[PDB]
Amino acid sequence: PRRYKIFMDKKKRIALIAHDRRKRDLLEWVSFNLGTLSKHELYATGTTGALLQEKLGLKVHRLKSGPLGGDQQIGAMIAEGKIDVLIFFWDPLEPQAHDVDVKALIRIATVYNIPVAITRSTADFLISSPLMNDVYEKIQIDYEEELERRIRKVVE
């Protein structure tokens, strides 16, 4: 399947997500990077969103709570081009029973090949890339072509 060269916009649509024991960490990261982040459009799952607004006076579009459908809302937005950078701080050691599934989100982000930070150090590289504030070129694999060939083969 084909690899296409696609141009991406200067102003980004950034989804901000954190597992519960990473919420204060995300808050702090956002707080040191306010100047750059305030040039882009920002979204968050419900509770992280409230925290940002409440502790920073930040302007963010709030989706539903991650475990109550907010994770699928943001995944759908990725697939519709309405989010194009994912920042997801997650708990690799003691995650809550309800803490949002990292897999499905990173998967749909990989399908659409968008920038993803799943470590805080990755987010620091992302936010300081010249590509953050500029137009840039990305390679989109033609997964639709691949998928349909396979489906037709099975179905006949």
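Numbering starts at 1 and runs along the sequence shown.
Colleague: Within this chain's modelled residues, let me know which third the CA B factor of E145 belongs to: lowest, middle or highest.
Modeller: Middle third, going by the recorded CA B-factors of the chain.
Colleague: So where's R120 on the chain's Cα temperature factor ranking, which third?
Modeller: For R120, whose C-alpha B-factor we compare with every modelled residue in the chain, the answer is the lowest third.
Colleague: Would the CA B-factor of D25 place it in the lowest, middle or highest third of its chain?
Modeller: It belongs to the middle third of the chain when residues are ordered by C-alpha B-factor.
Colleague: Pull the Cα B-factor of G46 out of the PDB entry and bin it into the chain's lowest, middle or highest third.
Modeller: Middle third.
Colleague: Per the entry's values, where does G70 land by CA temperature factor relative to the rest of its chain, in the lowest, middle or highest third?
Modeller: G70: CA B-factor falls in the lowest third of its chain.
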